[PDB]
Each structure stands twice: as structure tokens, then as C-alpha cells.
Amino acid sequence: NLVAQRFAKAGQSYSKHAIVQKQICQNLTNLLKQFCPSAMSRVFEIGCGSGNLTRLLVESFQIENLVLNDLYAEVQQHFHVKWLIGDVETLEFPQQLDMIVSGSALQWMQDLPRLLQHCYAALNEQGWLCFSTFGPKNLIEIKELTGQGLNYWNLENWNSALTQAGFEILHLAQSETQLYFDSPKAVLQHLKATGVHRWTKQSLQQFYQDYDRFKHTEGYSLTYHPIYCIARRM
Amino acid sequence: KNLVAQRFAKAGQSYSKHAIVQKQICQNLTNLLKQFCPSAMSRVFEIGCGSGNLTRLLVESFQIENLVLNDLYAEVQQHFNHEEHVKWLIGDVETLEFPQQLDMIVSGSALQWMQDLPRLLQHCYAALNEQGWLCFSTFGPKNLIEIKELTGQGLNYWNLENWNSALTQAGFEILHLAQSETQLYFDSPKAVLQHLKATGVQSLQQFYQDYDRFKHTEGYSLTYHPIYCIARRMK
Ligand SMILES: Nc1ncnc2c1ncn2[C@@H]1O[C@H](C[C@@H](N)CC[C@H](N)C(=O)O)[C@@H](O)[C@H]1O
Ligand SMILES: Nc1ncnc2c1ncn2[C@@H]1O[C@H](C[C@@H](N)CC[C@H](N)C(=O)O)[C@@H](O)[C@H]1O
């Protein structure tokens, strides 16, 4: 017996900053372990990259066939497992899937409704669509000070698009985490390290000075805004 | 410099097997243990082990040389068979001398019953090794608030800031301290009482009628308010 729920969570943490991406993959995997059976036959992963999610997925789930996708063949350097390299928005999906899973990749998509339609057509009845992406305040400090950043869907955008694509929402949540760095230069070092070129001295100095607007008692904020979703073909 | 403080807020919608609420809390705490704690911890003291919902997860994911299990009631021992590396410390944890030289003190869904948490945290500090771990789940003030309002029965719970201040006072650094307020939405008030009996927690018609004050769009609310903590003895 499943019951609907709504929740609010809040707290503080004191953790490594270089592992944010893997931590998001761990949080998505922890959700998979709830909603999904331990055994699955056919899984398709969109945008596997280095495999931060892939490692956790095979460790927690018994898969018989795993299809991995990413834009570039260079990711296979980091690696019953098939590969489909290319733009997922034009690739032929593997068909008759038990689950489509994707961590931190859908924010790069040009036409999300059309991609969701292809996800719906490729999944079995009651097939799983499970993903993490990011919401409108992801890296908001960087967008405010540099003018660069993606335009992100909010939670209601996703709720609407998933419903029109024919999916049942089992979990849909937004999390907002402020990391507090000791100095503005530590923020840029973090972004350079985690993979998110030299700037001019003037741009750098203006950036450091403008970052005073994000100073807290704990430090200078950098915001991550992941969205987590467990959905089902209805 | 590799560690940064952070603050977070999460919100969303979900579905849960309502019967698994206490097991889910144990799993959530165990996930935090796995994130923060080393895989091997020689000496571990569990407070309020009960039937072992947290104990089984702890032994599964951590290499423990001496596991000291406490509960108020000896009856909990019936839920364990041929448990390995265990020392039993049956009794009121608020009166018992703690085991010495601990690598971790851990507790799931038991601290809400404590009559004197500040003194307990002092005993935790004294029993732990240098930078030893104190890791627990408990509940906050909105836990089962609908049942407290309608029946008058319920505990007084510490809030998150109470814990923050008490841990720092007792000599612990806080690696993780968080709360989740979750409203479960049942189809009818009858289903709320069935859930409560299954999980182990004129008047009946008045209870059903009184539950109208908790009617939402999704159904009739029952709130759980778990609190999770990863802490370490300050060097
Ligand atoms: N249109 C696209 N088709 C396929 N892969 C894409 C597309 N756009 C971006 N990607 C990949 O999406 C990945 C996104 C990265 N944030 C890595 C995600 C990876 N799952 C992880 O969490 O480690 C990169 O490997 C991109 O190359
Ligand atoms: N003063 C006390 N000293 C020791 N154990 C206690 C005390 N008060 C309550 N308990 C135990 O705390 C436990 C709380 C229960 N919610 C079970 C928790 C258990 N860790 C579980 O996850 O199943 C019960 O077994 C109680 O008997």
C-alpha cells in the first residue's frame, strides 16, 4: 500500500565540496533503491559521462543488459553493456526498456517535451523514468555576477511536462544547498576543479568584490539546486 | 579547506509504503553513516536497539569488532539469534555506566524517550574516543502532531536548534543535522488508525469526526518529523 506524501526538509552539513556531483548521484541512487526493484533487465542511461551514477547503479541493482549513452566516445575511456554514442535527442533509443535513468544531464536538452515523448515510447508499461537535473537557482551566484548560466525548468514545469508526456509521478522534489566557501577565490577553484579558462585580472577583481553580496556568517555562498524525480509510464 | 559548511532546504511530493516508515528512517540514517563514517569502527555502542531494525543495517555496512547493544527491556534479545561480537547492556541507558573507549555511539528512534538528554550527551562525550562518532535519528515537535492534538497523547520533542545548541555545549562538532517534516495523506481517518496499529504505535466516531480538521486535497494528514544527526567529539 502506497500513500501520497508531501515533505519539507532542512538542515546543515559540513562536507567535502569536491564531491557535490557524486553526492547528487548518491542521492538519486538512494531514491532508486526505494521505488525500484533490486532486479532489472534492461536499463538505458542518458549522459553517463565519467560514470558517477553508473558505478552506483550497477553496485545497487542487478541488471542483465545495460545501455550507456553520452555525446562523445571519449567517455568510454573511463570504462552485457552496450554503448550508444551521440546526441540523445536524435539517437534511436533501445526499445522495451525497464528503466531510463539520467543524472545531471537533462539540463542540457534542447526540447525536453520531445525527449520525454521518446522516453514514453521506449519504456514498457509501468516503466521507470528516474532522473536528477537542476532548477532555476542552480549556481545563481555565478549567473548574477557573470550573466552566464542555463535557464532551468522549475518543479511545476517538470510536473506539467511529465504529465503531458504520460508519466505517473512517484517522487518529484527540489533541493537547494548553499555551500559556504572561505573566500570568493575558493568558489572559482571549486568550479574549475569539478569541471563546471583564465579570466582577466579586472574581471576577477570585480567578481571577488561583487561576491560580498553573498557573504554569510559561514562564508560565501555557492548554490546548487538539484531536482530529483522518480516517475512511471502510466 | 576541503570541507565546507552548508545549509539546505528540500521540498517535494512522494509516495511511501506507509508500513515501512520506521524501517525507512533507519535506512536514511544508515545512508548518512555510509556517507560520513569510516567502514571499520572497532567498538560501537547502540542505544535503544529494540528489535534490531537499525542494528541489522549497521552490521551489514560496517566492520565492527565489539558491538555493545543496549535496550531498556531484555525482551529485545529474542529478536537476535547468534549475533556475533555482541556485549549486552540491558537497562535504562540514563542510569548505566557507558562502555569505555568507543569509536561510535549510534541510536535510531530511541532518544525521544530520554528524560535527561543533556546528561546523556555528557556521558556520550566521556565514553567516546578522540574524534569519536555520535550518530542518531530521533523526532521533532511535529511528530504525530495530529494524534497529539486529537487524543492528547504524545511526547515533547526537542527541535533542531535545541539539538544544535546541546551538541555544541556537550563538546561535539556537527557534520550533519537535519529535519524532515513529512505529511502522509491517508484516504480516510480509519486508514490512519490502521497504519498506527500496524507500525507499533463514541470516541472512535468522535476521532473520525475530529479528523476533519486535517483533511487536505490528497487526504487526511499524519505527520512524521524525523531528525538526523552526524556528530563527532571535538578534538
Ligand atoms: N544531447 C546530449 N546527448 C547525450 N549526452 C549529452 C547531451 N548533452 C550533454 N550530454 C552529456 O551529459 C553529461 C552531463 C554531465 N553533468 C555528467 C553527468 C553524469 N551522469 C554524472 O552525473 O557524472 C556529459 O557527459 C555530457 O556530454
Ligand atoms: N531509557 C531507555 N534506555 C534504553 N532503551 C530505552 C530507553 N527508553 C526507551 N528505550 C528503547 O528504545 C527503543 C525505541 C524503539 N523506537 C525502537 C528503536 C530501535 N532502534 C529500532 O530502530 O527499531 C525501544 O526498544 C525502547 O525499549
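Chain identifiers are assigned alphabetically (A, B, ...) following the order of the sequence lines, protein sequences preceding nucleic acid strands; residue numbering begins at 1 within each chain.
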Q: Check side chain to side chain donor-acceptor pair (under 3.5 Å) between A:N30 and all other residues, then give those that pass, not counting sequence neighbours.
A: A:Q26, A:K33

Q) Can you find a side-chain donor-acceptor pair between A:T200 and A:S203 that sits under 3.5 Å? A) yes

Q | Residues A:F181, A:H190; criterion ring pair (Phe, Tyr, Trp, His ring centres under 6.0 Å); working and verdict | A | CA-CA 9 Å; A:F181 285 93; A:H190 155 91; 5.1 Å; yes

Q. Would A:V187 and A:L179 satisfy side chain to side chain contact (heavy atoms under 4.5 Å, CB included), going step by step from the backbone distance to the final call?
A. CA-CA 9 Å; A:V187 174; A:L179 307 190; over 6 Å; no

Q: Measure from the side-chain N and O atoms of A:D210 to the backbone N and O of A:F207, and report whether any donor-acceptor pair falls under 3.5 Å.
A: no

(Q) Do B:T55 and B:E46 pair up side chain to side chain, a donor and an acceptor below 3.5 Å, judged on atom types alone? (A) yes

Q. Do you see a donor-acceptor pair shorter than 3.5 Å between the side chains of A:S221 and A:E141?
A. yes

Q: Would you mind checking if A:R213 and A:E144 are paired as a salt bridge, meaning a charged N to carboxylate O distance below 4.0 Å?
A: yes

Q. With B:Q169, which residues qualify under side chain to side chain donor-acceptor pair (under 3.5 Å), at least two apart?
A. none

Q: Return yes if some donor-acceptor pair links the side-chain N/O of A:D70 with the main-chain N/O of A:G49 below 3.5 Å, else return no.
A: yes

Q. Does the ring of B:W133 carry B:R233 above it, NZ/CZ under 6.0 angstrom from centre and within 45° of its axis?
A. no

Q. Is A:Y152 close to A:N154 at the side-chain level, that is, under 4.5 Å between some pair of heavy atoms?
A. no

Q: Grab the two heavy atoms, one from A:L129 and one from A:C119, that are nearest each other, plus how far apart they are.
A: CD1-SG, 4.3 Å

Q: List the steps and the verdict of side chain to side chain contact (heavy atoms under 4.5 Å, CB included) for B:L222 and B:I147.
A: CA-CA 8 Å; B:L222 183 69; B:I147 298 323; 3.8 Å; yes

Q | B:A166: side chain to side chain contact (heavy atoms under 4.5 Å, CB included) partners, not counting sequence neighbours | A | B:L121, B:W158

Q | Distance-only donor-acceptor check, side chains B:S16 and A:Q5, under 3.5 Å | A | yes

Q) So B:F36 and B:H176, would you call those rings parallel, tilted or perpendicular, with 30° and 60° as cut-offs? A) tilted

Q: Might you point out which heavy atoms bring B:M114 and B:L117 nearest each other, and give the distance in Å?
A: CB-CD2, 3.6 Å

Q | Spacing of B:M234 atom CE and B:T168 atom OG1 [to the nearest 0.5 Å] | A | 7.0 Å

Q) Any side-chain heavy atom of A:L115 within less than 4.5 Å of one from A:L106? A) yes

Q: Check for a donor-acceptor pair, side chain of A:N138 on one end and backbone N or O of A:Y224 on the other, with a separation under 3.5 Å.
A: no

Q: Could you pull out the closest heavy-atom pair between A:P94 and A:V67, with the gap in Å?
A: CG-CG1, 3.9 Å

Q: Step by step, work out the ring pair (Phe, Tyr, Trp, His ring centres under 6.0 Å) result for A:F214 and A:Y211.
A: CA-CA 6 Å; A:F214 305 122; A:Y211 222 102; 5.2 Å; yes

**Q.** Set of side chain to side chain donor-acceptor pair (under 3.5 Å) partners for A:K9, sequence neighbours left out
**A.** none

**Q.** Worked verdict on A:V88 versus A:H118 for side chain to side chain contact (heavy atoms under 4.5 Å, CB included)
**A.** CA-CA 10 Å; A:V88 57; A:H118 295 58; over 6 Å; no

(Q) Under the salt bridge (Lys or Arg N to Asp or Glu O under 4.0 Å) definition, can you give me all pairs with a residue in residues 156-166 of chain B, not counting sequence neighbours? (A) none

Q | Close side-chain approach of A:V101 to A:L53, heavy-atom, < 4.5 Å | A | yes

Q.
Under a 3.5 Å distance rule, please check whether A:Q107 uses its side chain to pair with a backbone N or O of A:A105 as donor and acceptor.
A. yes

**Q.** For B:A178 against B:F8, the heavy-atom pair lying closest together
**A.** CB-CZ, 3.4 Å

(Q) In the structure I gave you, are the side-chain heavy atoms of B:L33 and B:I230 within less than 4.5 Å of one another anywhere? (A) yes

Q: Give a yes or no on whether the backbone of B:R43 and the side-chain of B:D103 come within a donor-acceptor separation of less than 3.5 Å.
A: yes

Q) Quick one: does NZ or CZ of A:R233 land under 6.0 Å from the six-membered ring centre of A:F167, within 45 degrees of the ring axis? A) no

Q: Evaluate side chain to side chain contact (heavy atoms under 4.5 Å, CB included) for B:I105 paired with B:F98, printing each intermediate quantity in order.
A: CA-CA 10 Å; B:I105 293 174; B:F98 277 23; 4.0 Å; yes

Q.
Under 3.5 Å, is there a donor on one side chain and an acceptor on the other for A:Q178 and A:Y180?
A. yes

Q) Would you say A:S50's side chain and A:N52's backbone share a donor-acceptor pair under 3.5 angstrom? A) no

Q | Polar side-chain atom of B:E94 near backbone of B:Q115 as donor-acceptor pair, under 3.5 Å | A | yes

Q) Less than 4.5 Å apart, any side-chain heavy atom of A:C229 and any of A:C130? A) no

Q. For the atom pair CD1 (B:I174) and CD (A:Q12), what is the distance rounded to the nearest 0.5 Å?
A. 5.0 Å

Q: Report yes if some heavy atom in the side chain of A:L150 is under 4.5 Å from a heavy atom in the side chain of A:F134; otherwise report no.
A: no

Q: Can you measure from CG (A:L204) to CG (A:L188) and round to the nearest 0.5 angstrom?
A: 6.5 Å

Q: Starting at OG of A:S104, measure out to CD1 of A:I227 and round the result to the nearest 0.5 Å.
A: 11.0 Å

Q.
Distance check, rounded to the nearest 0.5 Å: A:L71 atom CG versus A:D87 atom CG?
A. 5.5 Å

Q: Compare all side-chain heavy atoms of A:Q76 with those of A:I85 and state whether any distance is below 4.5 angstrom.
A: yes

Q.
For a quick test of reading the model, state the closest non-hydrogen atom pair linking A:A18 to A:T194 and the distance between them.
A. O-CG2, 3.8 Å

Q. Residues two or more places apart in sequence or in another chain: which of them pass salt bridge (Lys or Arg N to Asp or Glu O under 4.0 Å) with B:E181?
A. B:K142

Q: Spell out, as yes or no, whether a donor-acceptor pair under 3.5 Å connects the side chain of A:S13 to the backbone of B:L177.
A: no

Q. Taking the six-membered ring for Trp, are the ring centroids of A:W158 and A:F131 within less than 6.0 Å of each other?
A. yes

Q) Does A:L57 offer a backbone N or O that forms a donor-acceptor pair with the side chain of A:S60 under 3.5 Å? A) no

Q.
For B:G132, is there any backbone N or O sitting under 3.5 Å from a side-chain donor or acceptor partner on B:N129?
A. no

Q: Check B:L160 against A:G11 and note the closest heavy-atom contact, atom names and distance.
A: CD2-CA, 4.3 Å

(Q) Could you check whether any side-chain heavy atom of A:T177 comes within less than 4.5 Å of a side-chain heavy atom of A:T223, counting everything from C-beta outward? (A) no

Q. Can you tell me how far the OG1 atom of A:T133 sits from the NE2 atom of A:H225, to the nearest 0.5 Å?
A. 10.5 Å

